[PDB]
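Take a look at the letters that make up each chain.
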Amino acid sequence: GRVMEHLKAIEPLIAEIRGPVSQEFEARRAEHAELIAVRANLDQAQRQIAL
Amino acid sequence: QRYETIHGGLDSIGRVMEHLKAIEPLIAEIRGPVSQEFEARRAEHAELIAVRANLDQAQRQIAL
Amino acid sequence: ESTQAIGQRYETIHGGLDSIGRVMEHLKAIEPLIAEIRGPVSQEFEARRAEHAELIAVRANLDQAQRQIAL
Amino acid sequence: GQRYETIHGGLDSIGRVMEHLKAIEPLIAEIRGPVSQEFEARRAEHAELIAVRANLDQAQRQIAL
Amino acid sequence: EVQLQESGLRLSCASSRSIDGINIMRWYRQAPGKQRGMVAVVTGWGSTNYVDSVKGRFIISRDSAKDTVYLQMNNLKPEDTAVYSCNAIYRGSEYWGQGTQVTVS
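Presented here is an overview of the structure given in this document.

Cut-offs used in this document
- Residues numbered from 1 in each chain as written, not as in the entry; some residues may be left out.
- Chains lettered and ligands numbered in written order.
- Part of a larger assembly, values for the part shown.
- Heavy atoms only, no water.
- Helix = DSSP H or I, 4+ residues; strand = E, 2+ residues; numbered from the N terminus.
- Buried < 20%, exposed > 50% of the residue type's maximum accessible area, 1.4 Å probe, protein only.
- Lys, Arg positive; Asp, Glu negative; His and termini not counted.
- Charge placed at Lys NZ, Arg CZ, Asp CG, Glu CD.
- Pairing = 2+ DSSP bridges.
- Salt bridge = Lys/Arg side-chain N within 4 Å of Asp/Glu carboxyl O.
- Core = buried A, V, L, I, M, F, W, Y, C linked by side-chain atoms within 4.5 Å.
- Contact = heavy atoms within 4.5 Å.
- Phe/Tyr/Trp six-rings, centres within 6.5 Å; stacked < 30°, edge-to-face > 60°.
- Buried area = accessible area lost by both parts, 1.4 Å probe.
- Nonpolar A, V, L, I, M, F, W, Y, C, P; charged D, E, K, R; others polar.

Regarding the overall build of chain B
Okay, step 1: Along its length, chain B carries one helix and zero strands.
Okay, step 2: When the backbone C-alpha atoms are referred to their principal axes, chain B occupies close to 95 × 15 × 5 Å.
Okay, step 3: Buried positions account for 31% of the 64 residues belonging to chain B.
Okay, step 4: Looking at charge distribution, chain B has the averaged site of its 8 positive side-chain charges lying 5 Å from that of its 10 negative ones.

Topic: the sheet that holds strand β9 (residues 100-101) of chain E
Residue and element names in this part refer to chain E.
Okay, step 1: Read from one edge to the other, the open sheet built from five strands follows the order β5-β4-β3-β8-β9, with strand pairing classed as antiparallel. Lying at the two open borders of the sheet, with one neighbouring strand each, are β5 (48-50) and β9.
Okay, step 2: Where strand β3 (residues 25-30) and strand β8 (residues 83-88) come together, six bridges link them in antiparallel fashion. Bridging from a neighbouring strand, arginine 26 pairs with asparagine 87 of β8.

A few points about the pattern of salt bridges
Okay, step 1: For the structure on display, the rule yields 14 salt bridges over all chains.
Okay, step 2: Its salt-bridge partner being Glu38(D), residue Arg42(D) comes within 3.7 Å of it at the nearest N-O pair. Note that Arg42(D) and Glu38(D) are positioned in helix α1 (residues 2-64) at a spacing of four residues, about one turn of the helix.
Okay, step 3: Of the residues examined, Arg42(D) reaches a relative accessible area of 13% and is grouped as buried.
Okay, step 4: Judged by its relative accessible area of 29%, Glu38(D) is partly exposed.
Okay, step 5: Here the residues in one salt-bridge network are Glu31(C), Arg38(C) and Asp12(D), joined through shared partners.

Some details on the sheet that holds strand β2 (residues 10-14) of chain E
Residues and elements named next belong to chain E.
Okay, step 1: The strand order β1-β2-β7-β6 describes an open sheet built from four strands, whose pairing is antiparallel. In this open sheet, the two strands that pair with only one neighbour each are β1 (5-6) and β6 (59-63).
Okay, step 2: Here β2 pairs with strand β7 (residues 68-72) via five bridges, running antiparallel. The residue bridging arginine 10 from the neighbouring strand is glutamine 72, located in β7.

Comments concerning the nonpolar core
Okay, step 1: Ranked by size, the top nonpolar core spans 25 residues in total, and within it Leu4(E), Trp27(E), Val39(E), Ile60(E), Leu71(E) and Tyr95(E) carry the most contacts.
Okay, step 2: The contact partners of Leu4(E), leaving out residues within four places of it in the chain, are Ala14(E), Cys86(E), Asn87(E), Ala88(E), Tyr95(E), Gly97(E) and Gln98(E).
Okay, step 3: Listed in part, the 19 residues of the second largest apolar core include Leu7(A), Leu20(B), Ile30(C) and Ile34(C).

Brief notes about the packing of aromatic side chains
Okay, step 1: If you walk through the whole model with that rule in mind, you get six aromatic pairs over all chains.
Okay, step 2: Ring centres of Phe25(A) and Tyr10(C) lie 5.4 Å apart, and the angle between their planes is 55 degrees; on these two criteria the pair is classed as tilted. Here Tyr10(C) lies in helix α1 (residues 4-28) and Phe25(A) lies in helix α1 (residues 2-50), a pairing that spans two chains.
Okay, step 3: The interplanar angle of 65 degrees and the centroid separation of 6.3 Å between the aromatic rings of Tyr90(E) and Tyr95(E) together place this pair among those described as edge-to-face.
Okay, step 4: With a relative accessible area of 12%, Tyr95(E) lands in the buried category.

Focus on the interface of chain D and chain C
Okay, step 1: Counting residues at the interface gives 23 residues for chain D, matched by 20 residues for chain C.
Okay, step 2: Overall, the association of chain D and chain C removes approximately 1,900 Å² of surface from exposure, summing both partners, and the carbon and sulfur fraction of that is 68%.
Okay, step 3: The three residues of chain D that bury the most area against chain C are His8(D), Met18(D) and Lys22(D), which together make up 25% of that side's buried surface.
Okay, step 4: Linking chain D with chain C are one salt bridge, by the criterion used here.
Okay, step 5: We note a salt bridge from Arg38(C) to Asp12(D), for which the minimum N-O separation is 2.4 Å.
Okay, step 6: Along the lines of polarity and charge, the residues of the side of chain D that touches chain C split into nine nonpolar, five polar and nine charged.

Re unusual backbone geometry
Residue and element names in this part refer to chain E.
Okay, step 1: In this structure, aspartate 67 takes a positive phi of about 45 degrees despite not being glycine.
Okay, step 2: Here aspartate 67 lies in the loop between β6 and β7.
Okay, step 3: Phi at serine 105 takes a positive value of approximately 60 degrees, unusual for a residue other than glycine.
Okay, step 4: Relative to the helices and strands, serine 105 resides in the segment after β9.

Set out below in structure tokens:
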């Protein structure tokens, strides 16, 4: 019974660690996604430089 | 896949509650027979106290 | 911040994941306690019926002594 | 005895649900894992793009010159 | 951003792009119930080596043209039975595919 109530108490850690994965990762995937286009900007930069 | 990560957190939590609500009641019923059938065993103990007492008296009456 | 912060964040992510793994491992060993709290447990719950009879035998002893007193 | 056995089958039930734990939980662990490994590949991307912004800035300045 | 799709006694993978613009790449063996394990190494040079278990056994070869690398199974004893996954390294990053399995005998 001790260990079972122990698991009862353990679940909240699982929930609160399930959270920030979701939030921070979706958001700064959006961040990296917008910073992807910096590479396209760079390719335009070099083509203009060559011209 | 990360949506499934979220749902995996949720479902592990859910089956954990499935346990919790199984154990604590199940431990409760298991608690049951302990108390009431120690009462039964005490009934047995008192009966085999009375039986041995009457055997003592009966054997004394044998002798006398 | 873009990598070093994501660095420390990812160490936190794996620390948490494996920590939950460790807790689950500690959980893993609870069923053997259930087996210990049942096996020979139920064995004596049969033994109650096994050894509830020789007291009925002393019931017969008292009965036989009683009608022998009568005799 | 009979009632003992009834709730002992209850304890057997609780044992089988914990067996369900033993069968499920680690699979959850190594399904969380690869998500994180992809996120590490994402760290690699972040470092690449750190390198990239400075290149873009020097390129644009030399374009101006 | 690179993808390494697998194929396959002879097994291969293809990269997203830039073969030989892709520096060190290697293959890994996942015996079941065990953790990760490296197999063999090709470089951009064609410089090559194996791991001691599969030394002499396996042979690896790079085709510069069609964006690929090769592993050929050899004289296999069933003990090598495992699931394999082909790996690559690009400007300091992991790159893992889906991998594929090999059987007994």
